[PDB]
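Chemist: quick one: initial chain(s) of a complex, as found there:
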Amino acid sequence: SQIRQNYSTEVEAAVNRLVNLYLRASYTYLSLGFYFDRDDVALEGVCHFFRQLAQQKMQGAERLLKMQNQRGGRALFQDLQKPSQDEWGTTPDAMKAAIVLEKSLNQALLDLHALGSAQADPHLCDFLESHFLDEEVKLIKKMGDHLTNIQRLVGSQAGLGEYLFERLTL
Amino acid sequence: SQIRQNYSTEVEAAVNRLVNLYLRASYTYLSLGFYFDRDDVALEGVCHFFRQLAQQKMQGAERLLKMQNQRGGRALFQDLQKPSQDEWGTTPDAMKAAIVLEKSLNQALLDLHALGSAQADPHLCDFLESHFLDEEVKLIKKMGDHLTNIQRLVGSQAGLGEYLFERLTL
């Protein structure tokens, strides 16, 4: 490559893997969202919450891909596994799944940051710090807040609490 | 002092003590507020309510300090004790703590007013009446109204009631 500079093959490959993780996440969120749009689930605010996350994760993938090209790496795509479930249970079940999923993304970001630090790649580290790490922390805090709220509600009365959360928070 | 007139040493000292009480109150409210921002508490409206009070109590301190200088007194600061608790329980527990705290401020204002009256210091009495005493009465009435509402709600169903109060009142 005529532009590549200080960009290890290890980081290049890890970036491609992270793209696959972000796209898998996006896919998982599309499934979550449309589950809550089922007529026998019917929680619009929950559907919208997950559809917005699907979009966000796709935008994350796109940012990674743009950076891969900026650095002179080569994007390589792999098969995308389907989401882990076909049906996602109640709102708390779904919110717990989402936090698991985000923590896995976040750990993948931390791992890539560590690789970048080992490879002495400050551009990578800046990119991740600026566009991903705080966004993940903020998102996970929001999900934890949601989970606490939903649990407090459905602990009182499950159906009623699920409705109220969807109406008054989402 | 070239400006001091009719300003007793007793009032000067009591004003400094009251500043310490207002700053301690402010500190207590900062703690309350950030407690309700914990991911395992997660009541945004409660956090905002207490953060706003922290600001209000700081503004009270500042007004006292401005008056101390206007009268030719000398501000003296003391150590500020930490708030009485590290964790503040449920919304009713916190609202009860806040009313205790405000009643203590109010009693300190009444005591200073009484001292001013004994010292024949009408400027002090006017200052307190105009900027503090009605504000405290209004605030305590609001807190009592909140407490009644929260108690009525959590008496019905604790988790659900706490959510609804935070969503629909705060």
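Modeler: Now that the structure is in, tell me what you want to look at. Numbers count the residues shown, from 1 in each chain, chains lettered A, B, ... in the order given.

Chemist: so where do the helices sit in chain A?
Modeler: Under the criterion DSSP state H, chain A carries helices at the ranges A:9-36, A:44-71, A:91-118, A:122-128, A:134-156, A:158-168.

Chemist: list the buried residues for the first one?
Modeler: Judged by neighbour count (16 or more other C-beta atoms under 10 Å in any protein chain shown), helix A:9-36 contains these buried residues: A:11-12, A:14-16, A:18-33, A:35-36. No exception for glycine: its C-beta is placed from N, CA and C like everyone else's.

Chemist: same question for the fifth one.
Modeler: Buried residues in helix A:134-156, counted by 16+ other C-beta under 10 Å: A:136, A:139-140, A:143-154, A:156.

Chemist: and what of the last one?
Modeler: Of all the residues in helix A:158-168, those buried under the rule 16+ other C-beta under 10 Å are A:161-166.

Chemist: tell me the residues of chain A that contact chain B?
Modeler: Counting by C-beta under 8 Å from any C-beta of the partner chain, the positions of chain A adjacent to chain B are A:141, A:144-146, A:148-149, A:152-153, A:155-157, A:160-161, A:164-165, A:168-169.

Chemist: try 6 Å this time
Modeler: A:144-145, A:148-149, A:152-153, A:155-156, A:168 (C-beta under 6 Å from any C-beta of the partner chain).

Chemist: and of those residues, the nearest to residue A:125?
Modeler: If you rank those by distance to residue A:125 using C-beta to C-beta, residue A:144 comes first, at 26.1 Å.

Chemist: which residues does the closest one contact?
Modeler: residue B:39 (C-beta atoms under 6 Å, 6 or more residues apart in numbering or on different chains).

Chemist: measure it to residue B:161 for me?
Modeler: To residue B:161, residue A:144 is 22 Å away according to C-beta to C-beta, to the nearest Å.

Chemist: then residue A:99?
Modeler: Taken as C-beta to C-beta, the span from residue A:99 to residue B:161 is 26 Å.

Chemist: now residue A:15
Modeler: Residue A:15 is 49 Å from residue B:161, by C-beta to C-beta.

Chemist: so what's residue A:65 closest to, chain neighbours aside?
Modeler: residue A:75 (5.3 Å; C-beta to C-beta, 6 or more residues apart in numbering or on different chains).

Chemist: touching, that neighbour and residue A:66? I think so.
Modeler: No: with contact defined as C-beta atoms under 6 Å, residue A:75 does not count as touching residue A:66 (9.6 Å).

Chemist: more neighbours, the two?
Modeler: The residue with more neighbours, out of residue A:75 and residue A:66, is residue A:75; 14 against 11, by other C-beta atoms under 10 Å in any protein chain shown.

Chemist: ok, now how distant is that one from chain B?
Modeler: 36 Å (C-beta to the nearest C-beta, to the nearest Å).

Chemist: let's put chain C on the structure above:
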Amino acid sequence: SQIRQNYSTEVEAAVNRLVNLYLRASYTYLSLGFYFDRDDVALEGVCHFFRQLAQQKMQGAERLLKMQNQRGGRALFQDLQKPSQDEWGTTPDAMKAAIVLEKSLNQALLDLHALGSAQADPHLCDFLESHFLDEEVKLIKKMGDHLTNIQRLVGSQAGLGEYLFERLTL
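Modeler: Once chain C is put in with the chains from before, the structure reads:
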């Protein structure tokens, strides 16, 4: 904690300590400011300069507290010691005290950054770099510039120079 991830107990505690330092700084600035509002000191621009810093340091504390909760740490408050002086001398004395104080904050930030780096906590490092470290460098440069200006003025004629600095710089 349901959200905490890669957030050491060492960093959690150091963040709480830093909050105490920022609040102590805020308190020191409140004292500085109201000193310069005394009728026998009477330098409005100096009072405003320090009152604005008091606000800034409080905002720093608040940002730290928000981050502590975002990461799933638990804010813990300690007693706040009173400022180091009751009276703050002339403008150069006060500006020197402020630079001492800011350098101590800055060293505490650098120490926390070093701890974060040792704990492999890139989110912490980004947070500090983005919201604190440059702000401190900029502030210290401004204070140094002020001190040089005040010293040059009061070296010529003390009273006159102090007035002119307050009128024409602040």
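
Chemist: can you check the buried residues of helix A:134-156 again with chain C included?
Modeler: When burial is assessed from 16+ other C-beta under 10 Å, helix A:134-156 yields the following buried residues: A:134, A:136-137, A:139-154, A:156.

Chemist: what does stretch A:92-102 give?
Modeler: For stretch A:92-102, a neighbour-count test (16+ other C-beta under 10 Å) marks A:92, A:94-99, A:101-102 as buried.

Chemist: kindly report the same for stretch A:103-114.
Modeler: Buried positions in stretch A:103-114, judged by neighbour count with 16+ other C-beta under 10 Å: A:103, A:105-106, A:108-110, A:112-113.

Chemist: same thing with stretch A:120-139?
Modeler: Buried-residue list, stretch A:120-139, by 16+ other C-beta under 10 Å: A:121, A:124-125, A:127-129, A:132-134, A:136-137, A:139.

Chemist: apart from its neighbours in sequence, what residue is nearest residue A:67?
Modeler: Distance criterion C-beta to C-beta, 6+ apart; nearest residue to residue A:67, sequence neighbours excluded, is residue A:127 at 5.6 Å.

Chemist: related to what we said a few turns ago, in a markdown table: the buried residues of stretch A:103-114, plus distance to chain C.
Modeler: Converted to a markdown table, those look like this (distance: C-beta to the nearest C-beta, whole Å):
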| residue | distance to chain C |
| --- | --- |
| A:103 | 6 |
| A:105 | 11 |
| A:106 | 6 |
| A:108 | 12 |
| A:109 | 9 |
| A:110 | 6 |
| A:112 | 10 |
| A:113 | 5 |
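
Chemist: residue contacts, the residue nearest to residue A:37 when sequence neighbours are not counted?
Modeler: Setting aside the residues directly before and after it, residue A:37 is nearest to residue A:47 in space (C-beta to C-beta, 6+ apart), at 4.5 Å. Contacts for residue A:47 (C-beta under 6 Å, 6+ apart) come out as A:33, A:36-37.

Chemist: now do residue A:18
Modeler: A:64, A:108.

Chemist: how about 7 Å then?
Modeler: A:64, A:108, A:112 (C-beta atoms under 7 Å, 6 or more residues apart in numbering or on different chains).

Chemist: ok, and the closest non-adjacent residue to the last one?
Modeler: For residue A:112, ignoring the flanking residues on the chain, the nearest one in space by C-beta to C-beta, 6+ apart is residue A:14 at 5.1 Å.

Chemist: pretty sure the one you found contacts residue A:114?
Modeler: No: the criterion here is C-beta atoms under 7 Å, and residue A:14 misses it with residue A:114 at 10.0 Å.

Chemist: and for those two, which residues touch both?
Modeler: What both residue A:14 and residue A:114 touch, as defined by C-beta under 7 Å, 6+ apart, is an empty set.

Chemist: if we can go back for a sec, from the contacts of residue A:18, which is closest to residue A:85?
Modeler: residue A:108 (20.4 Å).

Chemist: for that closest one, give its distance to residue A:14.
Modeler: 9 Å.

Chemist: while you're at it, add chain D from this line:
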Amino acid sequence: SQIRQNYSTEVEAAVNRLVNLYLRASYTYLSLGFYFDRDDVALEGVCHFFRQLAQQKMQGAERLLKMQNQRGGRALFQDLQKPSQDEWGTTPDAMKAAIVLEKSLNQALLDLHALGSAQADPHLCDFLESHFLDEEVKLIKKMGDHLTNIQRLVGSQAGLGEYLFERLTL
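Modeler: With chain D added, the chains above now look like this:
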């Protein structure tokens, strides 16, 4: 009187005396102001400062007179003594004279407040507290601040300091 109620003859007379004091003050300020407009004094900002005070003291007299009629008292005017000096010296001399004068007004207000309190006349006490006592405290604090500034300046270099104060403060 068809409207007079709870308005003692003692307060009525003291109000008339206070009017004479406010008008005497106004007269003193007119003299101060025009002194600083002399071609051999020539401090415009000082002239404006005192001319504005002359207006303020006249407005005070007018407010007292309006209140005297509101209560069913009868305004009685006495001769107005000329100001204590024909020439008023330097800016610090003049500012010291003004603070003496304001402290005398303030003591007269406090004395009338005390009389009102002894006569159980809450309307009088409210009137004084609301329209006079804080205004006097604020004014005296401003004068003290000015005096400190002027003294610091003329202690450095008298002529130069007097000019700078007039240009940059007034």
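
Chemist: again for the contacts of residue A:144, chain D present now?
Modeler: If a contact means C-beta under 7 Å, 6+ apart, then residue A:144 has A:99, B:39, C:2-3 as its contacts.

Chemist: among these, list the two that are farthest apart in space.
Modeler: A:99 and B:39 (10.3 Å).

Chemist: any common contacting residues for these two?
Modeler: A:144, C:2.

Chemist: quick check: nearest residue in space to residue A:45, chain neighbours excluded?
Modeler: residue A:170 is the one closest to residue A:45 (C-beta to C-beta, 6+ apart), at 3.0 Å.

Chemist: number of residues surrounding the one you found?
Modeler: Count around residue A:170 with other C-beta under 10 Å applied: 14.

Chemist: and for residue A:42?
Modeler: Residues within reach of residue A:42, counting by other C-beta under 10 Å, total 12.

Chemist: state the distance from it to chain D.
Modeler: With distances taken as C-beta to the nearest C-beta, residue A:42 is found 62 Å from chain D.

Chemist: in space, what's closest to that residue - neighbours in sequence excluded?
Modeler: Nearest to residue A:42 is residue A:36, by C-beta to C-beta, 6+ apart, at 7.7 Å.

Chemist: now swap in residue A:156 and tell me
Modeler: Once flanking residues are discounted, residue A:156 sits nearest to residue B:160: 3.7 Å by C-beta to C-beta, 6+ apart.

Chemist: give the contact list for that neighbour.
Modeler: A:153, A:156-157, A:161.

Chemist: and residue A:69, by the same measure?
Modeler: Going by C-beta under 7 Å, 6+ apart, residue A:69 touches residue A:75.

Chemist: hmm, back to that, can you pick out the most distant pair from the contacts of residue B:160?
Modeler: Taking C-beta to C-beta, no two of the contacts of residue B:160 sit farther apart than A:153 and A:157, at 7.8 Å.

Chemist: what about stretch A:79-92, near chain C?
Modeler: No: if you take C-beta under 7 Å from any C-beta of the partner chain as the test, stretch A:79-92 misses chain C, and the best it gets is 11.6 Å.

Chemist: may I see the buried residues of that stretch?
Modeler: Counting neighbours by 16+ other C-beta under 10 Å, the buried set in stretch A:79-92 is A:83, A:88, A:90-92.

Chemist: who's in contact with that stretch?
Modeler: If you take C-beta under 7 Å, 6+ apart as the criterion, stretch A:79-92 is touched by A:20, A:23-24, A:27-28, A:31-32, A:35, A:43, A:46, A:94, A:97, A:147, A:150-151, A:154, A:162, A:165.

Chemist: just these that are near chain C?
Modeler: Near chain C, judged by C-beta under 7 Å from any C-beta, the entries from these are residue A:147.

Chemist: tabulate the CA atom coordinates of stretch A:155-168 in CSV.
Modeler: Provided in CSV are the C-alpha atoms of stretch A:155-168 (Å, rounded to 0.1, in the frame of the first residue of the first chain):
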residue,chain,number,x,y,z
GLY,A,155,-41.4,-7.0,40.4
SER,A,156,-44.6,-5.1,41.4
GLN,A,157,-47.0,-6.4,38.6
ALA,A,158,-45.5,-7.9,35.4
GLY,A,159,-47.9,-6.9,32.7
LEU,A,160,-48.7,-3.5,34.0
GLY,A,161,-45.1,-2.7,34.7
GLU,A,162,-44.0,-3.6,31.2
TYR,A,163,-46.6,-1.4,29.7
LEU,A,164,-45.8,1.6,32.0
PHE,A,165,-42.0,1.3,31.2
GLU,A,166,-42.7,1.3,27.5
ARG,A,167,-45.1,4.2,27.7
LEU,A,168,-43.3,6.5,30.2
